[PDB]
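Step one of this worksheet: look at the structure below.
2 protein chains.
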Amino acid sequence: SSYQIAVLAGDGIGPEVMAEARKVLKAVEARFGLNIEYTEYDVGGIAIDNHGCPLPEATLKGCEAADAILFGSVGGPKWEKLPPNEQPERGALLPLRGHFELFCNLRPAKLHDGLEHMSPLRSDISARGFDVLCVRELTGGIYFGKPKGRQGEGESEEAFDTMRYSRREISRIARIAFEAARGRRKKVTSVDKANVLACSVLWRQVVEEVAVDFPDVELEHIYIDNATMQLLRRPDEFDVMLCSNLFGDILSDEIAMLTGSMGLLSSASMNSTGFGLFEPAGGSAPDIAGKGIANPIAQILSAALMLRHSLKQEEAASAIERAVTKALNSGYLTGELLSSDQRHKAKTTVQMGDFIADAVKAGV
Amino acid sequence: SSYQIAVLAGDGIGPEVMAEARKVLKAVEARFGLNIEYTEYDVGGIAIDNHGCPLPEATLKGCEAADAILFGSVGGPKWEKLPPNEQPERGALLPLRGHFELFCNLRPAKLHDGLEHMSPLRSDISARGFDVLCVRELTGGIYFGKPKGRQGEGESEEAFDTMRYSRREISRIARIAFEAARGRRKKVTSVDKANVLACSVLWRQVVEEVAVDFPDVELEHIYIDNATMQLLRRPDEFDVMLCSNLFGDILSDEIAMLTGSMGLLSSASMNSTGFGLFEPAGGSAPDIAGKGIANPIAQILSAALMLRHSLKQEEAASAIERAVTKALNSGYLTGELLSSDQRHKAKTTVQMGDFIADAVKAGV
Ligand SMILES: CC(C)[C@H](C(=O)O)[C@@H](O)C(=O)O
Ligand SMILES: CC(C)[C@H](C(=O)O)[C@@H](O)C(=O)O
Ligand SMILES: [Ca+2]
Ligand SMILES: [Ca+2]
Ligand SMILES: [Cl-]
Ligand SMILES: [Cl-]
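Line by line, the protein sequences are chains A and B. Counting in the numbering used here, the first sequence runs from 1 upward without gaps. Counting in the numbering used here, the second sequence runs from 1001 upward without gaps.
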C-alpha cells in the first residue's frame, strides 16, 4: 500500500527547503502514481525547545513506523552553548544511525558543468571536473565503540574512546563501495591509517578479501592524511572512496567543500533492509533561514535518494534528478551558485522548488 | 662544548637533500662559531636493508647520545609490500617519538610570495596568502593508546585501538600552541571532534583551562571535519591550529598540500627538555632520488629548526631562513616550484645548497 515517510525537517533552513522537497515529491507522486504519506516530527534544536531533547521518543517512534526518514538539518547558535554533547546535531543523528543500524553513508559529490568557478580548487584543477562517491561506515569504529568515557581527576584525569571494527562490519560496507564502483568508473580507493591503527590493518585486510568478488573493480588503498592531500590536487582520479566512520566524516566533508556547491549535495544513510535517512550534505544555515534564499536542491535530491534507495522507485528518483539538472542548465540558480556579479539573477527557494516540480510534471 | 647531532637521512632523496642541509650547516657553524659534530646512522628502508629493521638499536643509541636528530625521509616502493606495520616510515618515526617523548609537532606552512600559482587553491584564495602553524600532539591519543590489537576469528574477528588523553598531555601541547600564537597573530583554533569523542570533550575542556594564562590570545574551537573544509576555503583566517595526534596528522598534511610547495616545508618534533627530531614535511620521492632534482630547502629549514629549538642558536637558525628567502627571491628555484613553461630555469639540489650556504657566508 502507501509508503510512510517520517519528515524531520529540524532547524534553520530545514523547514523551508523541506517544503520544496515535499512540493517536488508531490509532482513525482502524481506523475508516477505513488501513494506516500508523510508525518512531521520535531528533531534537533526545535525538539529541545518543544520537548526538552534533540530526539524525542515520539519522533523515534514515528521513524520506526516509517519506510524512510526525510531529514532536514539540525543545529545552530541557540543550542551552541549546550555541551557539544547534549547538542542537537549529534543528539539527533547518532542515535538515529545507532537505532536503525544505518551502517552505510553514501555521499556523491560532483563538480557540476558550468559551476567550476565556485569550487575553491585552482581553475585548471576544477576544469578537469570530478565525481567522487564517499562510502562511509556509519555505525561502528570510534563513534560507537566501547569503552568510552573518562576516569581520574586533576592532571591525571583521562578520557578514552575505542575504535573497534569486526570483519563483518568492514565487509558489509566494502561490498557497498565495490557494487557502487561497478556502476561507475570501477575503482575503489579504501582510506585507512593501517600504518598506525589495528582497526585499519583489519580494515585493509578485509577490503582486500571482499575485492575477490569484484575482479572488474580496481582497488587501491591510501592513508587518510595522503587522501586529504590528494583530493586537493587530483580529485578527478578518485571514483569511489571507502572509509571508516571517523575517516569518512572528514573526507566526505572535504570533497563536498571542493565542489564549492554544497547546496547541490545530498546524503543517504541506510541499513541492510533498505530503510534510510536522507538529508542534505550542508548544515542548517541559520543566518539565511526564513528569507527564501536557501538552495533547496540538496533537500530535493535527498528526496530522490529516498525514492531510489528506500522506496525502490527508480524512475521517480531519476525524474527529480533530471528536473534539478534542467534547473541548473536553464538559469534557475540560487544566490550562492552565482558569481558575485551575476547575483541579481538569483532565484528564491520557492522559485527553485516551483521550477523543479513543474519540470517533473512536464515529463522531464 | 660541541653539540652532537644524529643524522638519519633515510631513503630516497633523504641523503642528497641532507648533504645540502649539512653544507648550509657548515656555513652557519663557521659564521657563528658553533662546534657541532655529526654522526650518521641508518634508519627506515636503508636500515631494513642494512640491519633488518627500520630503527636499529645502534641508531636508537646514537639518537640518545645526541642533542637532536636531523632526519631525512623514510620509505618507498621497495618496502611497500612489507605489512604497512613492519614498514620503514611508521617503524622509524613512531618509536623515535615514543622513546624520546616527542610530544610536540610544529609544522609551519605558508604560501610564499610569488609562489601562489603553485597552490592548488583557486587564484583569488591563494592571492590572499596564508600562514598556518599546526601544533600537533605526537605521543598520545590513538597512536599510542592501549589496548590496541585484535581478537576473534572469522566474521566476528575484531580489531581495536584506544584513543586516550589525560589533562596533563593536553595542557602541555595547548600551552605550546598558545605561546606560539602570542608570537604570531594571537589566535589558537583547537581542532577536535567533541560532539562524538570523550577524548575531544576533555581536550576542549583542558584547552579552555590553559587559555586563562593567555588573555591576549583568542581561542576558538572547531570540529575536524569543519576544519578540513574551512582550510580549503579561507586558510588565511587561521593562525595556530592545535590538534590531537590523529587530527593533526590529517590537518598538517592538508595545509602543507594547500601551499602547493611542500619542498619548502619543515617539521619539528620536540620533547620538554628541548631534544627534537627535525625533518622535511614531504616524503622520500624515490622517483627523483639521485638526480639532483630534489628541493633541499625543506631539509635546510629542518636544520634551522634544529638550531633554534634544540641547540638554542637563534641567530644561526634565522641566518639559514634568510638565506632560503634570498634564494627564493633571487631566481634560485628547483623544478617543482616553477610553472611548467619556466622549468628551464630550474636549479639542481646542489646549486640550491651552494647558493644558500654562500648566502649565509656572505652574512645574509
Ligand atoms: C554531527 C556529527 C556527529 C556528524 C558526524 O560526525 O557524523 C556530522 O559531522 C555528519 O557528518 O553527519
Ligand atoms: C608514518 C606515519 C605513522 C606518520 C604519522 O601518522 O604520524 C606520518 O604520516 C607523519 O605525518 O609523520
Ligand atoms: Ca561531518
Ligand atoms: Ca602525516
Ligand atoms: Cl572510526
Ligand atoms: Cl589521537
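Note that the Cβ used here is the ideal one computed from N, Cα and C, for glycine as well.
Through-space distance from residue j to residue i, alpha-carbon basis
i	j	result
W1079 (chain B)	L1093 (chain B)	15 Å
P1286 (chain B)	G1154 (chain B)	38 Å
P84 (chain A)	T325 (chain A)	37 Å
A1304 (chain B)	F1278 (chain B)	9 Å
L251 (chain A)	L242 (chain A)	10 Å
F355 (chain A)	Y332 (chain A)	8 Å
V1007 (chain B)	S126 (chain A)	42 Å
residue 373 (chain A)	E64 (chain A)	As shown, chain A starts at 1 and ends at 364. That puts residue 373 (chain A) outside it, with no answer to give.
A1359 (chain B)	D1042 (chain B)	31 Å
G149 (chain A)	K186 (chain A)	41 Å
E1254 (chain B)	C1134 (chain B)	10 Å
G45 (chain A)	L265 (chain A)	23 Å
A211 (chain A)	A198 (chain A)	20 Å
residue 1400 (chain B)	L1311 (chain B)	Residue coverage of chain B in this structure runs from 1001 to 1364, which leaves residue 1400 (chain B) outside it and unanswerable.
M262 (chain A)	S339 (chain A)	15 Å
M1270 (chain B)	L1096 (chain B)	11 Å
Residues that residue i contacts on chain B, provided the C-beta gap is smaller than 8 Å
i	result
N85 (chain A)	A1194, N1195 and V1201
Ligand 2 heavy atom lying under 8 Å from the CB of residue i
i	result
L305 (chain A)	no
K1291 (chain B)	no
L1265 (chain B)	no
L1082 (chain B)	no
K193 (chain A)	yes
Neighbourhood of residue i by C-beta, 6 Å cutoff - its chain only, sequence neighbours within 5 removed
i	result
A1289 (chain B)	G1012 and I1013
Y1143 (chain B)	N1245
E29 (chain A)	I36
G260 (chain A)	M118, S119 and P120
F130 (chain A)	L111, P235 and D236
Any non-hydrogen atom of ligand 1 closer than 8 Å to residue i Cβ
i	result
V1196 (chain B)	yes
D161 (chain A)	no
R90 (chain A)	yes
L1328 (chain B)	no
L93 (chain A)	yes
Neighbour-count burial assignment, residue i, 16 or more Cβ in a 10 Å radius
i	result
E1315 (chain B)	exposed
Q342 (chain A)	exposed
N1035 (chain B)	exposed
residue 377 (chain A)	No statement about residue 377 (chain A) is possible, as the shown extent of chain A runs from 1 to 364 and does not include it.
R234 (chain A)	exposed
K81 (chain A)	exposed
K61 (chain A)	exposed
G1010 (chain B)	buried
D161 (chain A)	buried
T1349 (chain B)	buried
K291 (chain A)	exposed
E208 (chain A)	exposed
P296 (chain A)	buried
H344 (chain A)	exposed
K146 (chain A)	exposed
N195 (chain A)	buried
beta-carbon residue i near ligand 4 non-hydrogen atom, thresh 8 Å
i	result
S1252 (chain B)	yes
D1225 (chain B)	no
Listed by chain order, chain B residues near residue i by CB distance under 9 Å
i	result
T189 (chain A)	Near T189 (chain A) there are no residues of chain B at all, since even the closest Cβ is about 15 Å away, more than 9 Å.
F160 (chain A)	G1145, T1162, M1163, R1164, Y1165, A1198 and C1199
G154 (chain A)	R1167 and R1168
Cβ-heavy atom distance, residue i to ligand 6, below 8 Å
i	result
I1142 (chain B)	yes
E1137 (chain B)	yes
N1105 (chain B)	no
Closer than 8 Å at the beta carbon, the chain A residues around residue i
i	result
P1095 (chain B)	Those within 8 Å of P1095 (chain B) in chain A number zero; the least Cβ separation is about 12 Å.
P1120 (chain B)	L121, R122, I125, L232 and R233
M1229 (chain B)	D253, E254, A256 and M257
Check: residue i C-beta below 8 Å from any heavy atom of ligand 3
i	result
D249 (chain A)	yes
Residues near residue i by beta carbon distance below 7 Å, same chain, minus five either side
i	result
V191 (chain A)	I222, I224, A227, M241, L242, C243, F247 and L251
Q151 (chain A)	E158
Partner residues on chain A for residue i, Cβ-Cβ distance less than 7 Å
i	result
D1225 (chain B)	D249, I250 and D253
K1148 (chain B)	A198
Interface partners of residue i on chain E, CB under 7 Å
i	result
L1258 (chain B)	Note that chain E does not occur in the displayed structure, where the protein chains are A and B.
Residue i Cβ short of 8 Å to ligand 5 heavy atom set
i	result
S244 (chain A)	yes
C199 (chain A)	yes
Cross-chain neighbours of residue i in chain B, by beta carbon under 7 Å
i	result
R90 (chain A)	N1195 and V1196
Cut-off 8 Å between Cβ atoms - residues of its own chain near residue i, not counting five sequence neighbours on either side
i	result
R1182 (chain B)	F1214, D1216 and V1217
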